[PDB]
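A structural walkthrough
Letter by letter, the chains look like this.
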Amino acid sequence: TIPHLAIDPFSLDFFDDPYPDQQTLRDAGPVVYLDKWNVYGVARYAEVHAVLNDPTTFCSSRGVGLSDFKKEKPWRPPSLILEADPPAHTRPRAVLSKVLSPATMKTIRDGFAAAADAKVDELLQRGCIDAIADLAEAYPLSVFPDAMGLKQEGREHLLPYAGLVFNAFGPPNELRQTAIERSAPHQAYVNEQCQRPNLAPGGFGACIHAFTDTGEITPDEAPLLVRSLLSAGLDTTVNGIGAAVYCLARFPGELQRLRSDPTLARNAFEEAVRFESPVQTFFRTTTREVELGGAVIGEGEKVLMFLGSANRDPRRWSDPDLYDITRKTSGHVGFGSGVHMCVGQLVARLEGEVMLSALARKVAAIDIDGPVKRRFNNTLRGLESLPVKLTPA
Ligand code: HEM
Ligand SMILES: CC(=O)Cc1ccc(C(=O)O)cc1
Ligand SMILES: [Cl-]
């Protein structure tokens, strides 16, 4: 009753061009079985959204990667928010929610916007730059580590650690084994920076520790919550901003609409999140026998959600393969959905908005003028190099 497919969603060929395989995954049925990894898969919007909003059946406490925490030991201590279910998830979620709250955005916006405007002006003086190294990575590195309150020493470990984190959600393929092997130096740095003495007062890290006074988290939980932000707060925005620039480079008509109305910056970034879905997939584990799309899934089964496929499902989106900065993007699952929806989504959107604002006001054209190279990761979709020429407005 359930179609069995041999597609490896974590193969380089899949990363290189996943859209044909994603349609095959959607059209095969509402629920598929991937024989390559012995997991169930859902690629349509309806089922993906349903699974995300059914946390008591499709839990996260057994890991959101392929590995089942009930069967294998996690490569690192489990995340207190991402890899937990209610009610354990609730209070740590509230702390991060308050640390990264709307009120908090008010304190960082001006600095974040200034850094974006300055970076775009700097890149315009160069002309031909790498939109990844010089923009997608440079800007987040210039604002987020400081917003966390991190020291200068050791920041070179931040992106390597993130790449490891997101590769480790995948199956035990070469990408994951290479990332976990000899990762101790990255882990030692991050875990050290998670301790209260190493976080500058006023930053996200210190603010997390400050919440230990309230009873919402204990002092020994605060380092693991800081670890969450250090795991998810940087690499995500790199591929998010990189996706937006990549879209603007490929759709000149949409860059021109953005130029004509810079207030579309925020929704231009949101559409890029839908269009590219920098976070491609996550797993859930069934806590009981459950019927999904006419298929009966047993207990303790892994279920792979194709967030990117769901964001391009023609059953839900008109012209899903078109970048449209005025699209009504509400309902896309690029940030998740339900109790686990991205708690850092205001930080991501703030970075994306202010960078696209800067481009909208300062740049007239973005032309790809060099070899484009894709960056392969079991969970993240993004580019390794994006040579572009920036024409000043
Ligand atoms: C474009 C940028 C980003 C994207 C596309 C993204 C995507 C996501 C997604 C899809 C989830 C759901 C995970 C799941 O359902 O298992 C999630 C959760 C989470 N994200 Fe984001 N994220 C981004 C940026 C950030 C930032 C900037 C931060 C922190 C500063 C962050 C921190 C977190 C945390 C802590 C969670 C766990 C939430 C929970 O389990 O309740 N992310 N993110
Ligand atoms: C896209 C994204 O943020 C996924 C993610 C979320 C939380 C954590 C964590 O360490 O708690 C790690 C990864
Ligand atoms: Cl770690």
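Residues numbered from 1 in each chain as written, not as in the entry; some residues may be left out. Chains lettered and ligands numbered in written order. Heavy atoms only, no water.

The deposited coordinates, according to the entry record, derive from X-ray crystallography at 1.837 Å resolution.

**What to know about the packing of aromatic side chains**
Cut-off, in case you're wondering: Between the rings of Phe, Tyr and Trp (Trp by its six-membered ring), a pair exists once the centres lie within 6.5 Å; its type follows the angle of the planes, with under 30 degrees stacked, over 60 edge-to-face, and the other angles tilted. Where helices and strands are cited, they refer to DSSP runs of H or I of at least four residues and of E of at least two residues respectively, numbered from the N terminus. Per-residue accessibility, obtained with a 1.4 Å probe over protein chains only, is compared with the maximum for each type, and a residue is labelled buried under 20%, exposed over 50%, and partly exposed between these values. In this analysis the charged atom, NZ for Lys or CZ for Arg, is taken to sit over a ring once it is within 6 Å of the ring centre and within 35 degrees of the ring normal.
In this structure the tally under the stated criterion is 11 aromatic pairs. Here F10 and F283 contribute two aromatic rings whose centre-to-centre distance is 6.1 Å and whose plane-to-plane angle is 15°, an arrangement assigned as stacked. Of this pair, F10 sits in the loop between β1 (4–5) and α1 (12–16) while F283 is found in strand β6 (residues 281–286), placing the two residues 273 residues apart along the sequence. Side by side, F10 and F283 carry an identical accessibility label, which is buried. With a centroid separation of 6.0 Å and an interplanar angle of 75°, the aromatic rings of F275 and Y323 are classed as edge-to-face. Taken together, the residues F275 in helix α14 (residues 265–276) and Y323 in the loop between α15 (307–310) and α16 (345–362) connect sequence positions 48 residues apart. Given a relative accessible area of 5%, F275 falls into the buried group. In this structure, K36 is placed above the aromatic ring of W37, and the distance from its NZ or CZ to the ring centre is 5.9 Å.

**Some thoughts on helix α6 (residues 132–148)**
Selection criterion: One axis fitted to the seven residues ending at a residue, another fitted to the seven starting there: the angle between these axes is the bend at that residue.
Where α6 bends most, at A138, the angle is about 35°, and the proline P140 comes one to four residues later. The buried count for α6 comes to 13 of 17 residues, which makes it a mostly enclosed element.

**A word on the coordination of the iron atom of ligand 1**
Using the following cut-off: Counted as donors are N, O and S atoms no farther than 2.8 Å from the metal, or 3.2 Å for Na, K and Ca; water is not among the atoms, and sites may therefore look incomplete.
Of all protein atoms, just one serves as a donor to the iron atom of ligand 1, and that atom is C342 (SG), at 2.3 Å. Within the element layout of this structure, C342 appears in the loop between α15 and α16.

**Some remarks on the site of ligand 1**
Worth spelling out the cut-off: Here a residue is near a molecule or strand as soon as one of its heavy atoms is found within 4 Å of it. What qualifies as a polar contact is a pair of N or O atoms within 3.5 Å, subject to a donor-acceptor requirement within protein and to the restriction that residues adjacent in sequence count only when both atoms come from side chains. Classes in brief: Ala, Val, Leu, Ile, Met, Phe, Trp, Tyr, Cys and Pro nonpolar; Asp, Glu, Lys and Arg charged; the others, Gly included, polar.
Around ligand 1 sit 26 residues in total, of which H89, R93, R284, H340 and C342 are the nearest. Here an oxygen atom of ligand 1 sits 3.2 Å away from a polar atom, N or O, in the main chain of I81. Mapped by element, the contributors of at least two residues to the shell around ligand 1 are α4 (90–99), α11 (222–232), α12 (235–250) and β6. Tallied by class, the residues present in the shell around ligand 1 amount to 16 nonpolar, 8 polar and 2 charged.

**As for the site of ligand 2**
What counts here: Surface accessibility follows the Shrake-Rupley procedure with a 1.4 Å probe radius. Residue values consider only the protein chains on display as shielding. Every definition here rests on a 1 Å grid over the protein atoms only: cavities are sets of points where a 1.4 Å probe fits but cannot get out, pockets are open sets enclosed by protein on both sides within 12 Å along at least five of seven lines, and lining residues have some atom within 4 Å of a point. Being in a pocket or cavity means that more than half of the molecule's atoms lie within 2 Å of its grid points.
Residues in contact with ligand 2, as listed here, are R76, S79, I81, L82, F166, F169, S228, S231, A232, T236, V279 and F282. Contact between ligand 2 and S79: an oxygen atom at 2.6 Å from a side-chain N or O atom of the residue. Measuring from an oxygen atom of ligand 2, one finds a side-chain N or O atom of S228 at 2.6 Å. Surface burial for ligand 2 is 87%, taken as the share of its 350 Å² of free accessible area covered by protein chains. Using a 2 Å cut-off from the grid points, one finds that ligand 2 occupies the largest cavity. For the shell around ligand 2, the leading source of residues is α11, giving 3 residues.

**A few points about the nonpolar core**
Formally: Nonpolar cores were defined as sets of buried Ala, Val, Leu, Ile, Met, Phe, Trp, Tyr and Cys residues, with membership established by side-chain atoms within 4.5 Å. The contact criterion used is simple: two residues touch if any of their non-hydrogen atoms lie within 4.5 Å.
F204, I208, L258 and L356 are the most contacted members of the largest nonpolar core, which totals 105 residues. No other element matches α16, which puts 9 residues into this core. In this structure, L258 is in contact with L248, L264, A265, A268, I325, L356 and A360, ignoring residues within four places of it in sequence. Among the nonpolar cores identified, the runner-up in size contains 15 residues, and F10, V32, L34 and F306 belong to it.

**Regarding the UniProt feature "binding site: heme b" (unreviewed entry) in the protein**
Our working rule: UniProt positions are given in the numbering used here, feature names are shortened, and annotations may be inferred rather than shown by experiment.
Taken from the UniProt record, the annotation "binding site: heme b" (unreviewed entry) applies to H89, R93, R284, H340 and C342. From this annotated list, the subset lining the largest cavity comprises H89, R93, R284, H340 and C342. Along the chain, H89 falls in the loop between β4 (58–59) and α4. The residues touching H89, leaving out its near neighbours within four places in the chain, are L80, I81, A84, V339 and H340. Among the structural elements, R93 can be located in helix α4. Apart from residues no more than four positions distant in its own chain, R93 is found in contact with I81, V339, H340, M341, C342 and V343.

**Focus: the sheet that holds strand β3 (residues 39–42)**
Rules: Any two strands are treated as partners once DSSP identifies two or more bridges connecting them.
In spatial order, the strands read β1-β2-β3-β9-β6-β4; together these 6 strands make up an open sheet with mixed pairing. Because the sheet does not close on itself, it has two edges, and the strands there are β1 and β4. Across 3 bridges, the pairing between strand β2 (residues 32–34) and β3 is antiparallel. Looking at β3, one finds that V32 is bridged to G41.

**Quick word on the sheet that holds strand β10 (residues 363–368)**
We apply this condition: With axes taken as lines fitted to C-alpha atoms, and helix axes fitted only over the stretch in contact, angles between N-to-C directions fall between 0 and 180 degrees.
Read across the sheet, 3 strands follow the order β5-β13-β10 without closing on themselves; strand pairing throughout is antiparallel. With partners counted over all chains shown, the strands left at the sheet margins are β5 (128–130) and β10, one partner each. Averaged over all pairs of adjacent strands, the angle between strand axes in this sheet comes to 35°, irrespective of strand direction. Strand contacts of α16: β10 and β13 (387–392), with the helix running at about 105° to β10, the strand carrying the most contacts.

**Remarks on the layout of surface pockets**
Unoccupied space between atoms shows up once a probe the size of one water molecule is rolled over them. This is how it is decided: Grid points are joined across faces, edges and corners, and a volume is the space filled by probe spheres set on the points.
The calculated volume of the largest pocket comes to roughly 250 Å³. What lines the largest pocket is a set of 15 residues, and nearest its centre among them are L66, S67, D68, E72 and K302. A breakdown of the residues in the lining of the largest pocket according to their chemical character gives 5 nonpolar, 4 polar and 6 charged. Roughly 180 Å³ of volume is contained in the second largest pocket. Taken together, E137, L159, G163, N167, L175, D235, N239, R375, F376, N377, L380 and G382 make up the full set of residues lining the second largest pocket. For the lining of the second largest pocket, the elements supplying multiple residues, two or more each, are α7 (158–168) and α12. Element by element, the count of residues in the lining of the second largest pocket is highest for α7, at 3 residues. Partitioned by chemical class, the residues of the lining of the second largest pocket number 4 nonpolar, 5 polar and 3 charged.

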